[PDB]
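Trainee: Structure incoming, see below.
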Amino acid sequence: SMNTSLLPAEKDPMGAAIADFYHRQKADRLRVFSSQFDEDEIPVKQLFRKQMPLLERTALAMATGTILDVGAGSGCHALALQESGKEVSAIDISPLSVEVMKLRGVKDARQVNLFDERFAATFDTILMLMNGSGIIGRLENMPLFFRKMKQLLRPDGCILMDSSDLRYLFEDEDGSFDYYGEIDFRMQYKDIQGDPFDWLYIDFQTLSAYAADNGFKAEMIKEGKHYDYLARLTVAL
Ligand SMILES: Nc1ncnc2c1ncn2[C@@H]1O[C@H](CSCC[C@H](N)C(=O)O)[C@@H](O)[C@H]1O
């Protein structure tokens with residue numbers, strides 16, 4: 001099912017990049033394609049940042065109690081939290097990313113899809129960082145997302161999520177303008193081809209509206225300098 005799907009290692013380009021760098025301290029380029037944007041790269045060394053950006057640093061410092069690191073990748077956030085003495089569980093659908101996390105010393109790294117009906121555990125803080133909205137994919141998945149959050153959150157728990165308003169990319173020189181933040185991507189590493197995926201960017205007002213429609217409250221915590229922000233989502237009282 002869509003909700004339980006994991007990446008096969010043979011179609012796991014980001015995991016393969018991470019594993020090359022972990023095992024060999026060297027890597028080819030992780031290439032990113034899109035129907036909306038020209039071909040680019042995701043720098044691989046930066047996936048191992050200790051050096052994190054403002055919004056991510058802000059979120060880690062605020063994270064308390066039992067923490068879920070969603071889409072944890074190389075384990076950078078999970079390792080930072082462990083070093084603070086914090087309790088963290090990390091999840092990712094990438095098998096090679098989970099391999100690396102374990103070998104780097106993440107104590108509780110699991111290969112599981114956030115949306116899996118069988119994934120059941122509760123948390124005081126749920127971290128969705130590095131365009132944390134991405135995993136949601138499309139606005140039509142907002143109800144599913146908030147249903148899952150209700151299952152995973154302890155009383156007085158919160159979700160800390162960063163995203164970006166991409167409107168500026170879709171305007172002409174004079175500012176004249178599916179939701180524009182519904183992007184698709186596909187990645188390639190060496191001869192490893194990943195399947196295309198939906199990756200949601202969401203502006204704060206849109207996020208607040210969908211939160212309110214699903215029994216959540218959104219709070220702006222911090223703005224960055226490139227149309228980016230950190231929000232806190234909680235179950236509405
Ligand atoms: N449904 C899902 N459940 C869990 N992890 C998912 C997911 N969909 C995507 N992912 C993972 O989310 C990650 C997004 S990339 C961001 C990685 C990491 N948080 C960092 O800041 O560097 C990838 O590792 C990807 O495999």
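FYI, nothing fancy with the structure tokens labels: chains A, B, ... in order, residues from 1 per chain, ligands from 1 as they appear.
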Find the residues near ligand 1. Use a cut-off of 6 Å, count only C-alpha atoms and all ligand atoms, and write them as a list in words.

Mentor: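 Every residue with an atom at most 6 Å from ligand 1 is listed here: residues 47, 70, 71, 72, 73, 91, 92, 93, 94, 113, 114, 115, 129, 130 and 135 of chain A.
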
Trainee: Can I get the selection written as a PDB file, in the first residue's frame, with N, CA and C atoms?

Mentor:
ATOM      1  N   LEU A  47      24.369  16.664   3.951  1.00  0.00           N
ATOM      2  CA  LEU A  47      23.476  15.680   4.591  1.00  0.00           C
ATOM      3  C   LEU A  47      24.031  15.125   5.897  1.00  0.00           C
ATOM      4  N   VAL A  70      11.387  12.389  12.051  1.00  0.00           N
ATOM      5  CA  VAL A  70      10.722  11.847  10.847  1.00  0.00           C
ATOM      6  C   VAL A  70      11.588  12.114   9.617  1.00  0.00           C
ATOM      7  N   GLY A  71      11.867  11.054   8.856  1.00  0.00           N
ATOM      8  CA  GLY A  71      12.664  11.156   7.629  1.00  0.00           C
ATOM      9  C   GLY A  71      14.076  11.558   7.990  1.00  0.00           C
ATOM     10  N   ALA A  72      14.667  10.791   8.903  1.00  0.00           N
ATOM     11  CA  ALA A  72      15.892  11.200   9.586  1.00  0.00           C
ATOM     12  C   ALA A  72      17.189  11.170   8.746  1.00  0.00           C
ATOM     13  N   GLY A  73      17.135  10.505   7.591  1.00  0.00           N
ATOM     14  CA  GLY A  73      18.230  10.562   6.630  1.00  0.00           C
ATOM     15  C   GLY A  73      19.517   9.992   7.166  1.00  0.00           C
ATOM     16  N   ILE A  91      13.054   7.548  12.118  1.00  0.00           N
ATOM     17  CA  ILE A  91      12.460   6.678  11.099  1.00  0.00           C
ATOM     18  C   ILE A  91      12.796   7.204   9.704  1.00  0.00           C
ATOM     19  N   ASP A  92      12.912   6.286   8.755  1.00  0.00           N
ATOM     20  CA  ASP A  92      13.085   6.640   7.353  1.00  0.00           C
ATOM     21  C   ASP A  92      12.670   5.452   6.512  1.00  0.00           C
ATOM     22  N   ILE A  93      12.209   5.728   5.296  1.00  0.00           N
ATOM     23  CA  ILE A  93      11.860   4.652   4.353  1.00  0.00           C
ATOM     24  C   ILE A  93      13.063   4.116   3.564  1.00  0.00           C
ATOM     25  N   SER A  94      14.202   4.809   3.637  1.00  0.00           N
ATOM     26  CA  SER A  94      15.424   4.453   2.901  1.00  0.00           C
ATOM     27  C   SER A  94      16.203   3.379   3.673  1.00  0.00           C
ATOM     28  N   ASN A 113       7.676   3.665   7.250  1.00  0.00           N
ATOM     29  CA  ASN A 113       6.958   4.798   6.663  1.00  0.00           C
ATOM     30  C   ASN A 113       6.095   5.434   7.757  1.00  0.00           C
ATOM     31  N   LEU A 114       6.194   6.763   7.932  1.00  0.00           N
ATOM     32  CA  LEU A 114       5.384   7.489   8.895  1.00  0.00           C
ATOM     33  C   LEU A 114       3.904   7.097   8.859  1.00  0.00           C
ATOM     34  N   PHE A 115       3.382   6.874   7.642  1.00  0.00           N
ATOM     35  CA  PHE A 115       1.959   6.643   7.436  1.00  0.00           C
ATOM     36  C   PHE A 115       1.508   5.188   7.627  1.00  0.00           C
ATOM     37  N   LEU A 129      11.786  18.158   9.725  1.00  0.00           N
ATOM     38  CA  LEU A 129      12.755  19.204   9.360  1.00  0.00           C
ATOM     39  C   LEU A 129      13.368  18.987   7.975  1.00  0.00           C
ATOM     40  N   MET A 130      13.892  20.079   7.425  1.00  0.00           N
ATOM     41  CA  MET A 130      14.449  20.144   6.076  1.00  0.00           C
ATOM     42  C   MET A 130      13.306  20.035   5.085  1.00  0.00           C
ATOM     43  N   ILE A 135       7.116  15.318   3.078  1.00  0.00           N
ATOM     44  CA  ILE A 135       6.614  13.954   3.256  1.00  0.00           C
ATOM     45  C   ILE A 135       5.103  13.839   3.029  1.00  0.00           C
TER      46      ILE A 135
END

Trainee: When you look at residue A:196 with a cut-off of 12 Å (counting only C-alpha atoms), what residues show up, excluding the ones that are within fewer than 5 positions of it in the same chain? I need them as a ChimeraX atom specification.

Mentor: /A:7,11-13,32-35,137,183-188

Trainee: Looking at A:29, A:111, A:218, A:38, which one is nearest to residue A:191, with distances taken over only C-alpha atoms?

Mentor: A:29

Trainee: So, with only C-alpha atoms as the atoms that count, which of A:85, A:194, A:53, A:75 lies closest to residue A:131?

Mentor: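 Residue with the minimum atom-to-atom distance to residue A:131: A:53.
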
Trainee: Which residues are close to stretch 55-59 of chain A, i.e. within 8 Å by only C-alpha atoms, leaving aside same-chain residues fewer than 2 positions away? Reply as a PyMOL selection string.

Mentor: chain A and resi 52-53+61-63+127+129-130+160+162+222-224+229-230

Trainee: Which residues come within 10 Å of residue A:119, counting only C-alpha atoms, excluding same-chain residues fewer than 2 positions away, as JSON, numbers by chain?

Mentor: {"A": [4, 112, 113, 114, 115, 116, 117, 121, 122, 148, 151, 152]}
